[PDB]
Amino acid sequence: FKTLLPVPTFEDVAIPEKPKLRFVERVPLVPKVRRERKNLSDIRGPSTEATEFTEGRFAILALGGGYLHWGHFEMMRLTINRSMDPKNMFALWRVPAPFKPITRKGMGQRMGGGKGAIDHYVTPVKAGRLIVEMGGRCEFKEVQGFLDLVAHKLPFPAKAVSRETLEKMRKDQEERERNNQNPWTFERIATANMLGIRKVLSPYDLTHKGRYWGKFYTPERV
Amino acid sequence: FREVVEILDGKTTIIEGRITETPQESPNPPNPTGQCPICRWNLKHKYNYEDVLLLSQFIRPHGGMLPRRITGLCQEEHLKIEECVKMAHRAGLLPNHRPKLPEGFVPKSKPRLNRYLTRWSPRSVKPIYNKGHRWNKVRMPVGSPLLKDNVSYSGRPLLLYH
Amino acid sequence: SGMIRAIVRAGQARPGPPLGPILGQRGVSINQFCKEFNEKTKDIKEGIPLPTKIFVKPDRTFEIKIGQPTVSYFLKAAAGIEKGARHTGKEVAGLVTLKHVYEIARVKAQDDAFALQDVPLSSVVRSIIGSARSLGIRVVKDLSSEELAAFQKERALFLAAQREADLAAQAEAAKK
Amino acid sequence: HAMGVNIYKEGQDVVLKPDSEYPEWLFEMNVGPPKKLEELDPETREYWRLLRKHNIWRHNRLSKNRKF
Amino acid sequence: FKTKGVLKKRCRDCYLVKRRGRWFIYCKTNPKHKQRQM
Amino acid sequence: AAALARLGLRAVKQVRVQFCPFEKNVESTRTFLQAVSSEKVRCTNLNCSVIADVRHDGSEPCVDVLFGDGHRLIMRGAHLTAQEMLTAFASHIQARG
Amino acid sequence: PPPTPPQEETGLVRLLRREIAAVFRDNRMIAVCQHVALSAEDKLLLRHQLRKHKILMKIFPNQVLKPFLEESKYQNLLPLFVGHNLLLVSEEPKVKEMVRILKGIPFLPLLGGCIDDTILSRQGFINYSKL
Amino acid sequence: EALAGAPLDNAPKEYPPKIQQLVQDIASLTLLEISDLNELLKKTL
RNA sequence: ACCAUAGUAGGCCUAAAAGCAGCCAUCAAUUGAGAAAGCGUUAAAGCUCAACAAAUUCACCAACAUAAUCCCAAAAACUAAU
Ligand SMILES: [Mg+2]
Ligand SMILES: [Mg+2]
Ligand SMILES: [Mg+2]
Ligand SMILES: [Mg+2]
Ligand SMILES: [Mg+2]
Ligand SMILES: [Zn+2]
Ligand SMILES: [Zn+2]
């Protein structure tokens, strides 16, 4: 004998038309003629934009920073589109089409001579940004199962999350940092310039607080 | 402790259960409120692989670990006691708890290498041919990390790898 | 060597598929069974295909148990229609009342499956109703005068929709 | 075969009993509205049939990911 | 036998076993499901 | 009940189970009864009869099984567990037959 | 241990309690017979052979049947339900007719029971039968 | 309350208390109350 | 561990679509078992899942090959160390 439990029911879910992901273009329609310098600073540190959910209850969350080029968009589009029930689920791009020109030279060039030519386009993705947002009358578990594939084939480390999962790990993140037993935290030492440590740190560190190092992000770092 | 007896008489076979006497938990524990058997005797973080009088209480006459739901151990401590029992078998303590096999005592093998605190099984370990230099160095495990919480009287943490 | 479920029309039993591949694979005589089956089923002049249970034995001999005909047929006739709805519940196929389902029920209470079950006729009527839901056939409490007002409207709408579906199927057969 | 039934033909092809002959249960049964979960009383046996059925649908959706 | 970085059961009859300081997948029905963790 | 089905019970003549329902110790023997009474084991051979002897007073539960080796296997479940009875049954009645 | 988390009765538990409370009222003969694995065919046949003498059969979970029965006047049936079981319900009983069908199947034991407030073993059923 | 404990075949010599106090209350009656008893039982059954 | 019977081959399109090419409904017997979550069939039949009953230690994720003369201090889990 086992007693039953009430099943979660979705009466409030409204499925939009064209639930499957839009095709995105290899190159923008108005190709950038002027060659841009590479901010690596756009992959660096925490993300400001696209941190929260909008319509959907599920998402892929980026744990590192990285560049997304057309190959990745293709991968996600196909993989998600044939992995979903178009009736019961819908997906959404939380990331723009690749807009940032990246140059190259022909292999075999000597150093110098000018900048290179535009090879392809990418999208910058800062750690903590939602890549793809899936809603529906789905339970998190199915979506999670096939979303983790996609997540795994992305250039940065990433996870599949729900609203519940995300707020879980955020409350855990702050609770870990008010639980902390040792008096010595990165913030505390860095801001007050103890041991003259500011010599070895970068200015950005004051904001990043030793959680972010380069494009990498370690969540365990308080 | 219930022995199962089997008898063969004239093409008839009798199998029967028979109950013997079980010793009982010693009368007066230090922490009676205590939940798990290790804990109410204040043995948590105290017993080592070396303490046999404690370990021999959970095992079978043939040397294998007793199951957990029978013993009542707190899960963590069950694992610790299992590690310890393995390590103690390997160390050559509990010689009476092997299975008895009249033929196999006769065929000598090279006299048993004396060892202690062995985390892995002897047959499963590849010799480390390459060592490695000061910066990338292959360390040889000693004892188990399950016991890394034992009380240290010296104050220095036990050294688990050399 | 096992059992066989064969749904077969009243006066029709022929030494070819389904009976050829099915009974012929078990190593069972097709003609003996056509003979016996027709002996028993020629006495039903109501023209009803019945699901039947054929027990096929180890020695290649056999036994036969004839059950009540399918509810699909009984309801196809009760609504007077031919084929059931293409898209069920989206559209209507035919109409029935209390009385239809009651009759069809007390007819099928002697079925092999509902025989051993001591269930009242309310239960069997529930089953037949549910089997109407998926056949595209709609029940109504007291419909009689509106039954015929309906039939003169409804049949014209089913003719309109079956002709529209036949024409659109001619256009989709041509486009293909 | 084929039968076109009118008010003359549906009565002439059938033996259709009077309204006082037919059992009470036959009118009570719900014609077209299959019942929902909220509608049924939790102290009724049928409510729990529906809950079971829904649990089965749930396990059935969740099992979509089977490798085996 | 295949050497793999990730072991996964390819059917219901696969079982998972630790031998020689490794993990293994043995399968009696389909021997092609045999796997050795590297 | 499955491990008995896989083992081809056809080597057995007659299986009786004598037990006393109102005793506290009989659950094991009962488990054995429902393991041998199952459809798989029951249909492996039709030459074998399964008899359930039910008494209030006998006070000792017992399982008796004859088979065509001229062999008689009698296990008195008192303190014996179900799957010990069924393992003993398997290795005893299969290896001999 | 952590403090005590009292569990709450579901609708299912209450429905079963009510149902069994009615079952022990109505039927004069309640005969416990250990549930035994049969073909679906044979179980149906047995149900129908119980339908011929009008006797009914019922099955409840030991979970909700046991505490009800230990708090019942019927608690002497507690040692009977420890295994699998099947509850034989009879209104206006005739026991010899119930024994007739059980006789057909040798491996399907009748264990305890109560016939008109008289709690009996199998032998008591054999005695009430010949009466 | 609780019900009977069901004695059985190997040893039951034990008859109920009710039957005995009934045959006692029967045996203590004078024959006019025995004929009255007999009539009152003949009519109901 | 255990167990699997009911309307019924649900209605359609197709040579056949019988829980399982596809489209639509997704009701209903039995204490209990989806108009079926995996395998399987030409269509079946046949194996399992979820359902009753039987019981109940704990069970979410986590594992990743290598180079060229010869491995590369030796060794070591406690007698008290801000
Ligand atoms: Mg990656
Ligand atoms: Mg149901
Ligand atoms: Mg199951
Ligand atoms: Mg290699
Ligand atoms: Mg050296
Ligand atoms: Zn403890
Ligand atoms: Zn496999």
# chains A, B, ... in the order shown; residues from 1 in each chain; ligands from 1
>>> select_by_dssp(residues="stretch 27-112 of chain G", states="strand (DSSP E)", output="NGL selection string")
:G and (29-33 or 56-58 or 86-90)
>>> residues_near_ligand(ligand="ligand 7", cutoff="12 Å", atoms="only C-alpha atoms (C1' of nucleotides) and all ligand atoms", output="PyMOL selection string")
(chain D and resi 67-68) or (chain E and resi 7-16+25-35)
>>> write_last_selection(atoms="C-alpha atoms", output="compact mmCIF listing (two decimals), in the first residue's frame")
# COMPACT_ATOMS: atom_id res chain seq x y z
CA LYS D 67 17.43 4.99 -22.52
CA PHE D 68 16.42 1.33 -22.08
CA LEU E 7 29.71 3.96 -18.15
CA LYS E 8 26.01 3.66 -18.84
CA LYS E 9 23.65 0.73 -18.89
CA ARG E 10 22.35 0.16 -22.39
CA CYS E 11 19.51 -2.12 -21.29
CA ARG E 12 17.68 -3.45 -18.24
CA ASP E 13 19.92 -6.53 -18.03
CA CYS E 14 23.19 -4.63 -17.56
CA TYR E 15 24.76 -4.73 -14.16
CA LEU E 16 27.51 -2.65 -12.72
CA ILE E 25 29.44 -3.07 -17.00
CA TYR E 26 28.66 -6.71 -17.65
CA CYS E 27 25.61 -7.85 -19.59
CA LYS E 28 24.51 -11.43 -19.97
CA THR E 29 21.89 -10.92 -22.70
CA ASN E 30 23.86 -8.60 -25.03
CA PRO E 31 27.56 -9.10 -24.58
CA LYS E 32 28.02 -6.07 -26.83
CA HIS E 33 27.00 -3.95 -23.84
CA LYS E 34 30.20 -4.84 -22.02
CA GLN E 35 32.10 -1.75 -20.80
>>> residues_around(residues="residue G:39", least_positions_apart="6", cutoff="9 Å", atoms="only C-alpha atoms (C1' of nucleotides)", output="JSON, numbers by chain")
{"F": [38, 39], "I": [5]}
>>> write_last_selection(atoms="C-alpha atoms (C1' of nucleotides)", output="PDB file, in the first residue's frame")
ATOM      1  CA  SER F  38       2.215 -19.290  -8.161  1.00  0.00           C
ATOM      2  CA  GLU F  39       1.151 -19.846 -11.752  1.00  0.00           C
TER       3      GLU F  39
ATOM      4  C1'   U I   5      -7.531 -10.059 -16.740  1.00  0.00           C
TER       5        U I   5
END
>>> interface_residues(of="chain F", to="chain G", cutoff="12 Å", atoms="only C-alpha atoms", output="JSON, numbers by chain")
{"F": [1, 14, 15, 16, 17, 18, 19, 20, 21, 22, 23, 24, 25, 26, 27, 28, 29, 30, 31, 32, 33, 34, 35, 36, 37, 38, 39, 40, 41, 42, 43, 48, 49, 50, 51, 52, 53, 54, 55, 56, 57, 82]}
>>> write_last_selection(atoms="C-alpha atoms", output="compact mmCIF listing (two decimals), in the first residue's frame")
# COMPACT_ATOMS: atom_id res chain seq x y z
CA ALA F 1 8.60 -17.61 -6.89
CA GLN F 14 3.77 -34.14 -4.33
CA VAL F 15 4.13 -30.95 -2.23
CA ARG F 16 2.22 -30.50 1.04
CA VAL F 17 2.46 -27.65 3.56
CA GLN F 18 1.24 -28.24 7.12
CA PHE F 19 0.89 -25.09 9.21
CA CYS F 20 -0.98 -23.47 12.09
CA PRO F 21 -2.43 -20.01 11.17
CA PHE F 22 -2.82 -18.63 14.71
CA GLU F 23 0.84 -19.09 15.69
CA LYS F 24 3.17 -16.09 15.55
CA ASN F 25 5.99 -17.90 13.74
CA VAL F 26 4.23 -19.12 10.60
CA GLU F 27 4.74 -16.19 8.20
CA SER F 28 7.79 -17.86 6.68
CA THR F 29 6.03 -21.12 5.78
CA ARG F 30 3.15 -19.10 4.33
CA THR F 31 5.55 -17.13 2.13
CA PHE F 32 6.83 -20.51 0.92
CA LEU F 33 3.26 -21.62 0.17
CA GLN F 34 2.53 -18.58 -1.97
CA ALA F 35 5.90 -18.97 -3.70
CA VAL F 36 5.16 -22.60 -4.76
CA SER F 37 1.47 -21.92 -5.49
CA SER F 38 2.22 -19.29 -8.16
CA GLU F 39 1.15 -19.85 -11.75
CA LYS F 40 4.63 -20.27 -13.20
CA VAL F 41 5.75 -22.98 -10.78
CA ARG F 42 2.25 -24.52 -10.82
CA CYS F 43 2.24 -24.83 -14.64
CA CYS F 48 2.46 -32.35 -9.15
CA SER F 49 -0.23 -31.62 -6.58
CA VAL F 50 0.05 -28.89 -3.96
CA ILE F 51 -1.82 -29.52 -0.72
CA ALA F 52 -2.36 -27.01 2.08
CA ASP F 53 -2.93 -28.59 5.49
CA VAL F 54 -4.49 -26.14 7.93
CA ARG F 55 -4.81 -27.01 11.64
CA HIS F 56 -5.19 -24.88 14.77
CA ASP F 57 -3.65 -27.34 17.30
CA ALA F 82 11.35 -17.90 3.68
>>> interface_residues(of="chain A", to="chain G", cutoff="12 Å", atoms="only C-alpha atoms", output="list in words")
residues 1, 2, 3, 4, 5 and 6 of chain A
>>> closest_atom_pairs(of="chain B", to="ligand 5", cutoff="12 Å", atoms="only C-alpha atoms and all ligand atoms", output="tab-separated table")
residue	atom	partner	partner_atom_place_in_ligand_line	distance
B:130	CA	ligand 5	1 (Mg)	11.2
B:131	CA	ligand 5	1 (Mg)	9.4
B:132	CA	ligand 5	1 (Mg)	10.3
B:133	CA	ligand 5	1 (Mg)	10.2
B:134	CA	ligand 5	1 (Mg)	11.6
>>> residues_near_ligand(ligand="ligand 1", cutoff="12 Å", atoms="only C-alpha atoms (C1' of nucleotides) and all ligand atoms", output="VMD selection string")
chain A and resid 62 to 68 72 148 to 159
>>> interface_residues(of="chain G", to="chain H", cutoff="6 Å", atoms="only C-alpha atoms", output="number ranges by chain")
G: 73-74, 119-120
>>> write_last_selection(atoms="C-alpha atoms", output="PDB file, in the first residue's frame")
ATOM      1  CA  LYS G  73     -13.763  -6.618  18.768  1.00  0.00           C
ATOM      2  CA  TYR G  74     -12.210  -8.988  16.212  1.00  0.00           C
ATOM      3  CA  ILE G 119     -14.564 -17.255  15.574  1.00  0.00           C
ATOM      4  CA  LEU G 120     -13.361 -20.500  13.993  1.00  0.00           C
TER       5      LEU G 120
END
>>> residues_near_ligand(ligand="ligand 4", cutoff="9 Å", atoms="only C-alpha atoms (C1' of nucleotides) and all ligand atoms", output="PyMOL selection string")
(chain E and resi 3) or (chain I and resi 65-66)
>>> write_last_selection(atoms="C-alpha atoms (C1' of nucleotides)", output="PDB file, in the first residue's frame")
ATOM      1  CA  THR E   3      37.189   1.219 -22.684  1.00  0.00           C
TER       2      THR E   3
ATOM      3  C1'   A I  65      44.996   6.854 -22.353  1.00  0.00           C
ATOM      4  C1'   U I  66      50.060   8.327 -23.690  1.00  0.00           C
TER       5        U I  66
END
>>> residues_near_ligand(ligand="ligand 2", cutoff="8 Å", atoms="only C-alpha atoms (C1' of nucleotides) and all ligand atoms", output="ChimeraX atom specification")
/D:49 /I:28-30,32-33
>>> residues_near_ligand(ligand="ligand 6", cutoff="8 Å", atoms="only C-alpha atoms (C1' of nucleotides) and all ligand atoms", output="ChimeraX atom specification")
/B:34-40,44,73-77
>>> write_last_selection(atoms="N, CA, C and O atoms", output="compact mmCIF listing (two decimals), in the first residue's frame")
# COMPACT_ATOMS: atom_id res chain seq x y z
N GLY B 34 21.72 8.69 23.67
CA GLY B 34 22.39 8.49 22.39
C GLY B 34 21.68 7.51 21.48
O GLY B 34 21.17 6.49 21.93
N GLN B 35 21.69 7.83 20.20
CA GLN B 35 20.88 7.15 19.20
C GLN B 35 21.50 5.85 18.70
O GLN B 35 20.91 4.77 18.78
N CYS B 36 22.69 6.00 18.14
CA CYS B 36 23.46 4.95 17.46
C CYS B 36 24.43 4.25 18.42
O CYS B 36 25.03 4.90 19.27
N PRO B 37 24.59 2.92 18.29
CA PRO B 37 25.42 2.11 19.20
C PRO B 37 26.83 2.62 19.47
O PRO B 37 27.28 2.51 20.60
N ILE B 38 27.52 3.17 18.48
CA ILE B 38 28.86 3.72 18.71
C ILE B 38 28.80 4.92 19.67
O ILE B 38 29.65 5.10 20.54
N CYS B 39 27.76 5.71 19.50
CA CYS B 39 27.64 7.04 20.07
C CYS B 39 27.24 7.03 21.52
O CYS B 39 27.65 7.89 22.30
N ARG B 40 26.43 6.05 21.89
CA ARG B 40 25.98 5.98 23.26
C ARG B 40 27.06 5.38 24.14
O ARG B 40 26.98 5.45 25.36
N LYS B 44 32.49 7.57 19.34
CA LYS B 44 32.58 8.32 18.10
C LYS B 44 33.92 9.05 17.99
O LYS B 44 34.36 9.68 18.95
N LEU B 73 23.65 0.88 13.33
CA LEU B 73 24.66 1.93 13.27
C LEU B 73 24.17 3.16 12.49
O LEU B 73 23.41 3.03 11.53
N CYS B 74 24.61 4.34 12.93
CA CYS B 74 24.41 5.57 12.15
C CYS B 74 25.19 5.39 10.85
O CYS B 74 26.33 4.92 10.89
N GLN B 75 24.58 5.73 9.72
CA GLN B 75 25.10 5.38 8.40
C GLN B 75 26.60 5.64 8.23
O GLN B 75 27.38 4.74 7.84
N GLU B 76 27.00 6.86 8.58
CA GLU B 76 28.39 7.27 8.55
C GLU B 76 29.28 6.29 9.31
O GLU B 76 30.29 5.79 8.78
N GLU B 77 28.89 5.99 10.54
CA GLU B 77 29.69 5.11 11.37
C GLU B 77 29.71 3.69 10.81
O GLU B 77 30.69 2.97 10.98
>>> residues_near_ligand(ligand="ligand 3", cutoff="10 Å", atoms="only C-alpha atoms (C1' of nucleotides) and all ligand atoms", output="VMD selection string")
chain I and resid 2 to 4 33 48 to 52
>>> residues_around(residues="stretch 77-87 of chain A", least_positions_apart="5", cutoff="9 Å", atoms="only C-alpha atoms (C1' of nucleotides)", output="number ranges by chain")
A: 15, 18-24, 72, 136, 143, 146-147, 149-150
>>> closest_residue(among="B:14, B:70, B:55, B:5", to="residue F:64", atoms="only C-alpha atoms")
B:14
>>> residues_around(residues="residue A:133", least_positions_apart="6", cutoff="9 Å", atoms="only C-alpha atoms (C1' of nucleotides)", output="ChimeraX atom specification")
/A:53-60,90-94
>>> write_last_selection(atoms="N, CA and C atoms", output="short mmCIF file (atom, residue, chain, number, x, y, z; two decimals), in the first residue's frame")
data_model
loop_
_atom_site.label_atom_id
_atom_site.label_comp_id
_atom_site.auth_asym_id
_atom_site.auth_seq_id
_atom_site.Cartn_x
_atom_site.Cartn_y
_atom_site.Cartn_z
N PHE A 53 14.24 35.13 -15.28
CA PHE A 53 13.26 34.55 -16.17
C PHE A 53 12.30 35.59 -16.73
N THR A 54 11.69 35.30 -17.87
CA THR A 54 10.62 36.15 -18.35
C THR A 54 9.29 35.41 -18.42
N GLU A 55 9.06 34.70 -19.53
CA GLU A 55 7.84 33.91 -19.71
C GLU A 55 7.91 32.48 -19.17
N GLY A 56 9.05 31.82 -19.42
CA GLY A 56 9.18 30.40 -19.17
C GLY A 56 9.64 30.01 -17.78
N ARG A 57 9.42 28.76 -17.42
CA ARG A 57 9.81 28.28 -16.11
C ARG A 57 11.13 27.49 -16.09
N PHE A 58 11.72 27.25 -17.25
CA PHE A 58 12.99 26.52 -17.33
C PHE A 58 14.01 27.29 -18.14
N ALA A 59 15.29 27.00 -17.91
CA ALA A 59 16.35 27.69 -18.64
C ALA A 59 17.67 26.95 -18.62
N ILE A 60 18.53 27.30 -19.56
CA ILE A 60 19.93 26.90 -19.48
C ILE A 60 20.72 28.08 -18.92
N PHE A 90 7.23 25.23 -25.18
CA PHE A 90 7.74 26.25 -26.08
C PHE A 90 9.12 26.69 -25.61
N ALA A 91 9.93 27.14 -26.55
CA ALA A 91 11.27 27.57 -26.22
C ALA A 91 11.48 29.00 -26.70
N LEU A 92 12.52 29.64 -26.19
CA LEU A 92 12.77 31.02 -26.51
C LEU A 92 14.27 31.35 -26.44
N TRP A 93 14.76 32.17 -27.37
CA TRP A 93 16.15 32.62 -27.31
C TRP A 93 16.30 33.73 -26.30
N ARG A 94 17.18 33.54 -25.32
CA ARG A 94 17.50 34.61 -24.40
C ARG A 94 18.78 35.31 -24.83
#
